[PDB]
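Data file: input-v6.tsv. Format and content: TSV, N, CA and C atoms.
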```tsv
chain	number	residue	atom	x	y	z
A	509	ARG	N	-1.35	12.07	23.32
A	509	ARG	CA	-2.31	12.97	22.72
A	509	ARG	C	-1.91	13.16	21.27
A	510	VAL	N	-2.79	12.74	20.35
A	510	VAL	CA	-2.51	12.82	18.93
A	510	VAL	C	-3.58	13.67	18.28
A	511	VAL	N	-3.13	14.63	17.49
A	511	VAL	CA	-4.00	15.46	16.67
A	511	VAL	C	-3.51	15.35	15.24
A	512	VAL	N	-4.37	14.89	14.34
A	512	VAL	CA	-4.02	14.80	12.92
A	512	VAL	C	-4.73	15.95	12.22
A	513	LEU	N	-3.96	16.79	11.53
A	513	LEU	CA	-4.48	17.94	10.81
A	513	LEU	C	-4.62	17.57	9.34
A	514	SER	N	-5.87	17.47	8.92
A	514	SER	CA	-6.28	17.12	7.57
A	514	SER	C	-6.55	18.40	6.79
A	515	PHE	N	-5.86	18.55	5.67
A	515	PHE	CA	-5.93	19.75	4.85
A	515	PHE	C	-6.62	19.34	3.56
A	516	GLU	N	-7.64	20.09	3.20
A	516	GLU	CA	-8.35	19.85	1.96
A	516	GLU	C	-7.88	20.82	0.89
A	517	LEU	N	-7.13	20.27	-0.08
A	517	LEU	CA	-6.52	20.99	-1.19
A	517	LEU	C	-7.46	22.06	-1.72
A	518	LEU	N	-6.86	23.21	-2.02
A	518	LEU	CA	-7.61	24.36	-2.49
A	518	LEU	C	-8.35	24.08	-3.79
A	519	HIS	N	-9.58	24.57	-3.84
A	519	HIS	CA	-10.50	24.44	-4.96
A	519	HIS	C	-11.39	25.69	-5.03
A	520	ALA	N	-11.84	26.13	-3.87
A	520	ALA	CA	-12.76	27.20	-3.57
A	520	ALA	C	-11.99	28.37	-2.99
A	521	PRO	N	-12.62	29.54	-2.82
A	521	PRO	CA	-11.92	30.67	-2.20
A	521	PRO	C	-11.32	30.26	-0.87
A	522	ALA	N	-10.07	30.63	-0.62
A	522	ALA	CA	-9.44	30.23	0.62
A	522	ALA	C	-9.70	31.27	1.69
A	523	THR	N	-9.83	30.78	2.92
A	523	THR	CA	-10.03	31.60	4.10
A	523	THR	C	-9.02	31.40	5.21
A	524	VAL	N	-8.27	30.30	5.23
A	524	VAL	CA	-7.28	30.03	6.27
A	524	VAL	C	-5.94	29.98	5.58
A	525	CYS	N	-5.22	31.10	5.67
A	525	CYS	CA	-3.95	31.28	5.00
A	525	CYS	C	-2.82	31.58	5.97
A	526	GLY	N	-1.63	31.27	5.49
A	526	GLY	CA	-0.40	31.34	6.23
A	526	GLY	C	-0.03	32.78	6.46
A	527	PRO	N	1.07	33.02	7.18
A	527	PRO	CA	1.43	34.38	7.57
A	527	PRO	C	2.06	35.23	6.48
A	528	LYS	N	1.89	34.89	5.21
A	528	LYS	CA	2.51	35.69	4.17
A	528	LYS	C	1.67	36.93	3.86
A	529	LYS	N	2.34	38.08	3.92
A	529	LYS	CA	1.75	39.39	3.69
A	529	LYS	C	1.54	39.60	2.20
A	530	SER	N	0.46	40.28	1.83
A	530	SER	CA	0.24	40.58	0.42
A	530	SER	C	1.01	41.83	-0.02
A	531	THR	N	1.10	41.98	-1.35
A	531	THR	CA	1.71	43.12	-2.03
A	531	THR	C	0.70	43.74	-2.99
A	532	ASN	N	1.09	44.86	-3.59
A	532	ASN	CA	0.29	45.53	-4.60
A	532	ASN	C	0.37	44.78	-5.93
A	533	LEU	N	-0.65	44.98	-6.77
A	533	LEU	CA	-0.72	44.33	-8.08
A	533	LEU	C	-0.34	45.24	-9.24
A	534	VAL	N	0.53	44.73	-10.11
A	534	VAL	CA	1.02	45.44	-11.30
A	534	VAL	C	0.54	44.69	-12.54
A	535	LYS	N	-0.19	45.38	-13.41
A	535	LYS	CA	-0.76	44.81	-14.63
A	535	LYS	C	0.12	45.09	-15.84
A	536	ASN	N	-0.03	44.23	-16.85
A	536	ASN	CA	0.64	44.36	-18.14
A	536	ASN	C	2.17	44.29	-18.06
A	537	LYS	N	2.69	43.54	-17.09
A	537	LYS	CA	4.12	43.33	-16.96
A	537	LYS	C	4.38	41.87	-16.61
A	538	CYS	N	5.52	41.33	-17.04
A	538	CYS	CA	5.88	39.96	-16.69
A	538	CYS	C	6.25	39.92	-15.22
A	539	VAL	N	5.49	39.17	-14.43
A	539	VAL	CA	5.73	39.10	-13.00
A	539	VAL	C	5.68	37.64	-12.57
A	540	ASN	N	6.31	37.38	-11.43
A	540	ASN	CA	6.28	36.07	-10.78
A	540	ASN	C	5.23	36.14	-9.67
A	541	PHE	N	4.08	35.54	-9.90
A	541	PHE	CA	2.94	35.70	-9.01
A	541	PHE	C	2.75	34.49	-8.11
A	542	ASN	N	2.10	34.74	-6.97
A	542	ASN	CA	1.70	33.72	-6.00
A	542	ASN	C	0.33	34.11	-5.46
A	543	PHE	N	-0.71	33.41	-5.91
A	543	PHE	CA	-2.08	33.67	-5.47
A	543	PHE	C	-2.55	32.51	-4.60
A	544	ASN	N	-2.63	32.75	-3.30
A	544	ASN	CA	-3.07	31.74	-2.34
A	544	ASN	C	-2.26	30.45	-2.43
A	545	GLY	N	-0.96	30.56	-2.69
A	545	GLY	CA	-0.12	29.39	-2.78
A	545	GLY	C	0.06	28.86	-4.19
A	546	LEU	N	-0.71	29.37	-5.14
A	546	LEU	CA	-0.63	28.97	-6.54
A	546	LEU	C	0.39	29.88	-7.19
A	547	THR	N	1.47	29.31	-7.71
A	547	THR	CA	2.55	30.13	-8.22
A	547	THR	C	2.71	30.00	-9.72
A	548	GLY	N	3.40	30.98	-10.29
A	548	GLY	CA	3.71	30.93	-11.70
A	548	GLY	C	4.29	32.24	-12.16
A	549	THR	N	4.66	32.27	-13.43
A	549	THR	CA	5.22	33.47	-14.04
A	549	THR	C	4.39	33.85	-15.25
A	550	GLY	N	4.06	35.12	-15.36
A	550	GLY	CA	3.29	35.60	-16.49
A	550	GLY	C	2.87	37.03	-16.28
A	551	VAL	N	2.24	37.58	-17.32
A	551	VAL	CA	1.70	38.93	-17.31
A	551	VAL	C	0.22	38.85	-16.96
A	552	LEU	N	-0.17	39.62	-15.96
A	552	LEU	CA	-1.53	39.68	-15.46
A	552	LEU	C	-2.23	40.85	-16.12
A	553	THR	N	-3.32	40.57	-16.82
A	553	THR	CA	-4.05	41.61	-17.54
A	553	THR	C	-5.51	41.58	-17.16
A	554	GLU	N	-6.20	42.65	-17.55
A	554	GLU	CA	-7.63	42.72	-17.35
A	554	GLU	C	-8.29	41.73	-18.30
A	555	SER	N	-9.45	41.23	-17.90
A	555	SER	CA	-10.14	40.23	-18.69
A	555	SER	C	-11.63	40.49	-18.73
A	556	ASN	N	-12.26	39.79	-19.66
A	556	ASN	CA	-13.70	39.79	-19.82
A	556	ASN	C	-14.27	38.42	-19.52
A	557	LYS	N	-13.57	37.63	-18.70
A	557	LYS	CA	-14.04	36.30	-18.37
A	557	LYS	C	-14.94	36.39	-17.15
A	558	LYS	N	-16.21	36.09	-17.35
A	558	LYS	CA	-17.22	36.23	-16.32
A	558	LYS	C	-17.22	34.97	-15.47
B	27	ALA	N	-47.40	8.77	-10.75
B	27	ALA	CA	-46.56	7.76	-10.11
B	27	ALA	C	-45.12	7.89	-10.58
B	28	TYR	N	-44.92	7.83	-11.90
B	28	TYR	CA	-43.60	7.97	-12.49
B	28	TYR	C	-43.69	8.92	-13.68
B	29	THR	N	-42.59	9.60	-13.96
B	29	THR	CA	-42.47	10.38	-15.18
B	29	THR	C	-41.10	10.10	-15.80
B	30	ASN	N	-40.91	10.67	-16.98
B	30	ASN	CA	-39.69	10.53	-17.77
B	30	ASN	C	-38.72	11.64	-17.43
B	31	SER	N	-37.54	11.28	-16.93
B	31	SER	CA	-36.58	12.31	-16.58
B	31	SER	C	-36.05	12.93	-17.87
B	32	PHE	N	-35.34	14.05	-17.75
B	32	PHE	CA	-34.84	14.76	-18.93
B	32	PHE	C	-33.50	15.38	-18.57
B	33	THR	N	-33.01	16.28	-19.43
B	33	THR	CA	-31.72	16.92	-19.24
B	33	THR	C	-31.81	17.91	-18.09
B	34	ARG	N	-31.86	17.39	-16.86
B	34	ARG	CA	-31.96	18.21	-15.66
B	34	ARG	C	-30.92	17.85	-14.61
B	35	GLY	N	-30.51	16.59	-14.59
B	35	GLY	CA	-29.48	16.03	-13.74
B	35	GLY	C	-28.03	16.41	-13.95
B	36	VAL	N	-27.75	17.56	-14.56
B	36	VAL	CA	-26.38	18.03	-14.77
B	36	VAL	C	-26.03	19.16	-13.82
B	37	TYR	N	-24.89	19.00	-13.14
B	37	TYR	CA	-24.38	19.96	-12.17
B	37	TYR	C	-22.91	20.21	-12.47
B	38	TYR	N	-22.40	21.32	-11.97
B	38	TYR	CA	-20.99	21.63	-12.17
B	38	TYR	C	-20.13	20.69	-11.32
B	39	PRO	N	-19.29	19.84	-11.92
B	39	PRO	CA	-18.58	18.85	-11.10
B	39	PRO	C	-17.60	19.47	-10.13
B	40	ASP	N	-17.11	20.68	-10.41
B	40	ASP	CA	-16.17	21.34	-9.53
B	40	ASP	C	-16.40	22.84	-9.67
B	41	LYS	N	-15.48	23.64	-9.15
B	41	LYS	CA	-15.60	25.09	-9.11
B	41	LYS	C	-14.59	25.76	-10.02
B	42	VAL	N	-14.17	25.07	-11.08
B	42	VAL	CA	-13.20	25.62	-12.01
B	42	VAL	C	-13.89	26.16	-13.25
B	43	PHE	N	-13.53	27.37	-13.62
B	43	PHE	CA	-14.05	28.00	-14.82
B	43	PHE	C	-13.39	27.42	-16.06
B	44	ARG	N	-14.22	27.01	-17.01
B	44	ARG	CA	-13.80	26.50	-18.30
B	44	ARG	C	-14.74	27.15	-19.30
B	45	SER	N	-14.28	27.35	-20.52
B	45	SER	CA	-15.14	27.91	-21.56
B	45	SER	C	-14.71	27.38	-22.91
B	46	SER	N	-15.67	27.32	-23.84
B	46	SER	CA	-15.44	26.90	-25.21
B	46	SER	C	-14.65	25.60	-25.26
B	47	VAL	N	-15.10	24.62	-24.47
B	47	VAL	CA	-14.40	23.35	-24.33
B	47	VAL	C	-15.42	22.27	-24.00
B	48	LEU	N	-15.15	21.06	-24.48
B	48	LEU	CA	-15.91	19.87	-24.13
B	48	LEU	C	-15.06	19.11	-23.12
B	49	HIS	N	-15.54	19.01	-21.89
B	49	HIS	CA	-14.77	18.42	-20.80
B	49	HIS	C	-15.43	17.12	-20.37
B	50	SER	N	-14.63	16.06	-20.33
B	50	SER	CA	-15.08	14.75	-19.92
B	50	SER	C	-14.78	14.52	-18.45
B	51	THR	N	-15.82	14.20	-17.69
B	51	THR	CA	-15.69	13.99	-16.26
B	51	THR	C	-16.55	12.81	-15.86
B	52	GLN	N	-16.11	12.08	-14.84
B	52	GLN	CA	-16.85	10.97	-14.28
B	52	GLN	C	-17.27	11.34	-12.87
B	53	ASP	N	-18.57	11.29	-12.61
B	53	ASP	CA	-19.09	11.64	-11.30
B	53	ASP	C	-20.46	10.98	-11.18
B	54	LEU	N	-21.10	11.16	-10.04
B	54	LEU	CA	-22.41	10.59	-9.79
B	54	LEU	C	-23.51	11.50	-10.32
B	55	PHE	N	-24.03	11.16	-11.49
B	55	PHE	CA	-25.04	11.94	-12.20
B	55	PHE	C	-26.31	11.12	-12.38
B	56	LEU	N	-27.41	11.83	-12.59
B	56	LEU	CA	-28.69	11.23	-12.89
B	56	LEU	C	-28.74	10.78	-14.35
B	57	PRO	N	-28.92	9.49	-14.65
B	57	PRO	CA	-28.97	9.08	-16.06
B	57	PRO	C	-30.09	9.78	-16.83
B	58	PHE	N	-29.79	10.16	-18.06
B	58	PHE	CA	-30.74	10.86	-18.92
B	58	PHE	C	-31.91	9.96	-19.32
B	59	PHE	N	-33.11	10.56	-19.36
B	59	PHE	CA	-34.34	9.87	-19.76
B	59	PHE	C	-34.71	8.68	-18.87
```

Would you put the structure from the file into structure tokens?
Amino acid sequence: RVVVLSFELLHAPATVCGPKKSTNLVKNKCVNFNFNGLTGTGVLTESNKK
Amino acid sequence: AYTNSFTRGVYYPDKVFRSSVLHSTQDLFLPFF
């Protein structure tokens, strides 16, 4: 019995996510962020990008 | 029977936000005119 699990790389809003619990968001500070598996370091600020 | 197509065959190639940029992409589009 073979089952192959095909994963389609994120592009659109994700709905099937791993067991990682979320945290609160802190603005205007240098933070190490992880949004739906997308990681990086930077300061998260409010924006006017529609 | 036939008409002249125009600048109507353009769609967003993906779901990524870009602004104030000229982006070159290759995809299946309707040729202009």

Sorted by chain and rising residue number, list the residues of chain B at most 8 Å from region 517-525 of chain A (counting all atoms listed in the file), each with its closest atom pair and distance in Å to one decimal, as JSON lines.
```
{"residue": "B:40", "atom": "C", "partner": "A:519", "partner_atom": "C", "distance": 7.4}
{"residue": "B:41", "atom": "CA", "partner": "A:519", "partner_atom": "C", "distance": 5.9}
{"residue": "B:42", "atom": "N", "partner": "A:519", "partner_atom": "C", "distance": 6.7}
```

(message) Between CA of residue 528 (chain A) and atom N of residue 516 (chain A), what is the distance in Å, rounded to a tenth?
(response)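 CA of residue 528 (chain A) sits 18.6 Å away from atom N of residue 516 (chain A).
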
(request) From chain A, collect each residue whose DSSP state is strand (DSSP E or B) and return the set as a VMD selection string. (result) chain A and resid 538 to 543 546 to 551

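With only N, CA and C atoms as the basis for measurement, B:43 is the residue among B:43, B:37, B:55, B:32 that approaches chain A most closely.
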
Pick out the residues sitting within 12 Å of residue 54 (chain B), and hand them over as a CSV table (one decimal) with N, CA and C atoms, keeping the file's coordinate frame; count only C-alpha atoms, and ignore anything fewer than 3 positions along from it in its own chain.
```csv
chain,number,residue,atom,x,y,z
B,35,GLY,N,-30.5,16.6,-14.6
B,35,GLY,CA,-29.5,16.0,-13.7
B,35,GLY,C,-28.0,16.4,-14.0
B,36,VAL,N,-27.8,17.6,-14.6
B,36,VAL,CA,-26.4,18.0,-14.8
B,36,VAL,C,-26.0,19.2,-13.8
B,37,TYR,N,-24.9,19.0,-13.1
B,37,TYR,CA,-24.4,20.0,-12.2
B,37,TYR,C,-22.9,20.2,-12.5
B,38,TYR,N,-22.4,21.3,-12.0
B,38,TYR,CA,-21.0,21.6,-12.2
B,38,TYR,C,-20.1,20.7,-11.3
B,39,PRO,N,-19.3,19.8,-11.9
B,39,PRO,CA,-18.6,18.8,-11.1
B,39,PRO,C,-17.6,19.5,-10.1
B,51,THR,N,-15.8,14.2,-17.7
B,51,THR,CA,-15.7,14.0,-16.3
B,51,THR,C,-16.6,12.8,-15.9
B,57,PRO,N,-28.9,9.5,-14.6
B,57,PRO,CA,-29.0,9.1,-16.1
B,57,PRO,C,-30.1,9.8,-16.8
```

(request) Figure out the distance between CA of residue 542 (chain A) and atom N of residue 558 (chain A), please, to one decimal in Å. (result) 21.3 Å

Could you put an axis-aligned box around every listed atom of region 525-536 of chain A, padded by 3 Å on each side, and send me its centre and edge lengths in Å to one decimal, as AutoDock Vina command-line options?
```
--center_x -1.4 --center_y 38.3 --center_z -5.3 --size_x 13.7 --size_y 20.4 --size_z 31.7
```

(message) I'd like the interatomic distance between CA of residue 544 (chain A) and atom N of residue 526 (chain A), to a tenth of an Å.
(response)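 So the two atoms, CA of residue 544 (chain A) and atom N of residue 526 (chain A), lie 8.0 Å apart.
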
(message) Show me, as a PyMOL selection string, the residues that have an atom within 12 Å of residue 554 (chain A) when counting only C-alpha atoms, minus same-chain residues fewer than 5 positions from it.
(response) chain A and resi 533-537

(request) Extract, using only C-alpha atoms, all DNA, RNA and protein residues at most 7 Å from residue 58 (chain B), discarding same-chain residues fewer than 2 positions from it, and format them as a ChimeraX atom specification. (result) /B:31-33,56

Writing N, CA, C and O atoms and nothing else, produce region 520-557 of chain A as a compact mmCIF listing (two decimals), in the first residue's frame.
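Output below, filename result.txt:
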```
# COMPACT_ATOMS: atom_id res chain seq x y z
N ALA A 520 -0.85 31.08 -1.94
CA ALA A 520 -2.15 31.56 -1.54
C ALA A 520 -2.29 31.40 -0.04
O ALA A 520 -1.40 30.85 0.62
N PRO A 521 -3.35 31.96 0.57
CA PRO A 521 -3.54 31.78 2.02
C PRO A 521 -3.50 30.31 2.38
O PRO A 521 -4.13 29.50 1.69
N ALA A 522 -2.78 29.95 3.43
CA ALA A 522 -2.68 28.55 3.80
C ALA A 522 -3.80 28.19 4.75
O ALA A 522 -4.24 28.99 5.58
N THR A 523 -4.26 26.95 4.62
CA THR A 523 -5.30 26.38 5.45
C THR A 523 -4.92 25.08 6.15
O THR A 523 -5.60 24.73 7.12
N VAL A 524 -3.89 24.37 5.71
CA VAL A 524 -3.47 23.11 6.33
C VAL A 524 -2.07 23.34 6.86
O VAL A 524 -1.08 23.28 6.12
N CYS A 525 -2.00 23.60 8.16
CA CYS A 525 -0.77 23.94 8.84
C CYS A 525 -0.45 22.97 9.97
O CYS A 525 -1.32 22.30 10.53
N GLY A 526 0.84 22.94 10.27
CA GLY A 526 1.45 22.03 11.20
C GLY A 526 1.04 22.41 12.60
O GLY A 526 0.33 23.39 12.82
N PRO A 527 1.48 21.63 13.59
CA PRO A 527 1.03 21.83 14.96
C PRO A 527 1.67 23.00 15.70
O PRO A 527 1.60 23.03 16.93
N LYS A 528 2.26 23.97 15.01
CA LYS A 528 2.89 25.07 15.71
C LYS A 528 1.86 26.11 16.14
O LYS A 528 1.07 26.61 15.34
N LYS A 529 1.89 26.42 17.43
CA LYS A 529 0.98 27.37 18.07
C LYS A 529 1.41 28.79 17.73
O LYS A 529 2.61 29.07 17.64
N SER A 530 0.45 29.69 17.56
CA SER A 530 0.79 31.08 17.31
C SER A 530 1.09 31.84 18.60
O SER A 530 0.79 31.40 19.71
N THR A 531 1.70 33.01 18.42
CA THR A 531 2.02 33.97 19.48
C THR A 531 1.41 35.33 19.15
O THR A 531 0.85 35.54 18.07
N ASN A 532 1.53 36.26 20.10
CA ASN A 532 1.08 37.63 19.91
C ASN A 532 2.05 38.39 19.02
O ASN A 532 3.23 38.05 18.91
N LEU A 533 1.55 39.46 18.38
CA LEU A 533 2.36 40.28 17.49
C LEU A 533 2.81 41.60 18.11
O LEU A 533 2.01 42.33 18.70
N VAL A 534 4.11 41.89 17.97
CA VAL A 534 4.73 43.10 18.49
C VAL A 534 5.23 43.94 17.31
O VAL A 534 6.01 43.45 16.49
N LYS A 535 4.77 45.18 17.22
CA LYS A 535 5.11 46.09 16.14
C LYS A 535 6.24 47.04 16.54
O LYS A 535 6.49 47.30 17.71
N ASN A 536 6.93 47.53 15.51
CA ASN A 536 8.00 48.53 15.65
C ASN A 536 9.19 48.04 16.47
O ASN A 536 9.85 48.84 17.14
N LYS A 537 9.47 46.74 16.43
CA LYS A 537 10.63 46.17 17.10
C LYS A 537 11.28 45.14 16.18
O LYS A 537 10.57 44.48 15.41
N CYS A 538 12.60 44.97 16.29
CA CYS A 538 13.28 43.95 15.50
C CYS A 538 12.92 42.59 16.06
O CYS A 538 13.23 42.30 17.22
N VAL A 539 12.27 41.76 15.26
CA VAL A 539 11.84 40.45 15.70
C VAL A 539 12.21 39.42 14.65
O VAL A 539 12.39 39.74 13.47
N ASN A 540 12.29 38.17 15.09
CA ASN A 540 12.51 37.02 14.22
C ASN A 540 11.15 36.37 13.98
O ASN A 540 10.63 35.67 14.84
N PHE A 541 10.59 36.59 12.80
CA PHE A 541 9.22 36.18 12.52
C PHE A 541 9.16 34.90 11.69
O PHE A 541 10.09 34.57 10.94
N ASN A 542 8.02 34.21 11.82
CA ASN A 542 7.69 33.01 11.05
C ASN A 542 6.20 33.08 10.73
O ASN A 542 5.38 32.83 11.61
N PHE A 543 5.87 33.40 9.48
CA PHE A 543 4.49 33.49 9.03
C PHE A 543 4.20 32.33 8.09
O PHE A 543 4.67 32.32 6.95
N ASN A 544 3.44 31.35 8.57
CA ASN A 544 3.07 30.18 7.78
C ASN A 544 4.29 29.46 7.19
O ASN A 544 4.24 28.97 6.06
N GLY A 545 5.38 29.40 7.94
CA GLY A 545 6.58 28.73 7.47
C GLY A 545 7.57 29.64 6.78
O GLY A 545 8.69 29.22 6.50
N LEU A 546 7.18 30.88 6.51
CA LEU A 546 8.05 31.87 5.87
C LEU A 546 8.77 32.59 6.99
O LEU A 546 8.14 33.28 7.79
N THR A 547 10.10 32.49 7.01
CA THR A 547 10.84 33.04 8.13
C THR A 547 11.71 34.21 7.72
O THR A 547 12.02 34.43 6.55
N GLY A 548 12.11 34.98 8.73
CA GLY A 548 13.02 36.07 8.50
C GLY A 548 13.14 36.93 9.73
O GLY A 548 12.52 36.66 10.76
N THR A 549 14.00 37.94 9.63
CA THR A 549 14.23 38.87 10.72
C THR A 549 13.97 40.28 10.24
O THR A 549 14.42 40.67 9.16
N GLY A 550 13.23 41.05 11.03
CA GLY A 550 12.95 42.42 10.68
C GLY A 550 11.93 43.01 11.62
O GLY A 550 11.42 42.34 12.52
N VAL A 551 11.68 44.30 11.43
CA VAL A 551 10.69 45.05 12.19
C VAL A 551 9.40 45.08 11.39
O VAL A 551 9.40 45.41 10.19
N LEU A 552 8.32 44.68 12.04
CA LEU A 552 6.99 44.63 11.46
C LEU A 552 6.25 45.90 11.81
O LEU A 552 6.08 46.21 12.99
N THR A 553 5.83 46.65 10.79
CA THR A 553 5.15 47.91 11.01
C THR A 553 3.83 47.95 10.27
O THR A 553 3.57 47.14 9.38
N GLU A 554 3.03 48.94 10.63
CA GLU A 554 1.78 49.17 9.93
C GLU A 554 2.10 49.68 8.54
O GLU A 554 3.14 50.31 8.31
N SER A 555 1.21 49.40 7.60
CA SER A 555 1.43 49.78 6.22
C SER A 555 0.17 50.31 5.58
O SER A 555 -0.94 50.16 6.09
N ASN A 556 0.38 50.94 4.43
CA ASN A 556 -0.69 51.43 3.58
C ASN A 556 -0.70 50.69 2.26
O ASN A 556 -1.18 51.23 1.26
N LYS A 557 -0.20 49.45 2.25
CA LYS A 557 -0.18 48.67 1.03
C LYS A 557 -1.48 47.89 0.91
O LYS A 557 -1.76 46.99 1.70
```
